[PDB]
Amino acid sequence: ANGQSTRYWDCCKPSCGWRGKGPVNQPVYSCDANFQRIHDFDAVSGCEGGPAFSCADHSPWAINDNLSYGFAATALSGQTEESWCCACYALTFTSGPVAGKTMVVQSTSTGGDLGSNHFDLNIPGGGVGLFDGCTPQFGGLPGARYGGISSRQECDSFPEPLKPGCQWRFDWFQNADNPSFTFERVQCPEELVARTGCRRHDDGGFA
């Protein structure tokens, strides 16, 4: 399949962080203002004036020079959350400075695009976007509303837990701006499930 991407980090509780979003063992973990895991999956989102924010460990990272693991807010043409929550997809970039690189990402939230295959990649400092839960969480992140910061050095003022994800963007990712990609759903690697805690019942069917 073919799709396009954007990047973001709004500190909001992930949509797949609520129970009943799909056949899973447990939904995606949420974190408190101090980036620590929360036990209550029914907690109010930090973007709804509540205490449930996005976990900093739900950041992208490089496995090797050709592959990275990550997370994204997804929207698939003619599909619903039930079919993508916690599902993993192997993306192979077809444009940008990272063309040819692969990245396996787990869907932890939902984007607002309709009629398209869109992956809004979780990237600290990639842009708060529509919602801003980072201001309530810890005073906010620097950068333009969409797209976020423009220089790696800007990651220096970020809360410690968000720095590596922020920097990953200017390293493995070579600051690629909205690269397009081909993608197929694949079984979620153990490392991703270990970060979110969420695994789909139909996951084993994939390879």
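Note that residue numbering follows the sequence shown and begins at 1.
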property	result
Per the entry, higher mean C-alpha B factor between 185 to 193 and 17 to 25	17 to 25
4 to 12 or 196 to 204, whichever carries the higher mean Cα B-factor	196 to 204
Ranked against its chain, the third holding the CA B-factor of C55	lowest
Third of the chain's Cα B-factor distribution that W84 belongs to, per the entry	highest
Ranked against its chain, the third holding the CA B-factor of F41	highest
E154 CA temperature factor, ranked by third within the chain	middle
Chain thirds of CA B-factor: placement of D171	lowest
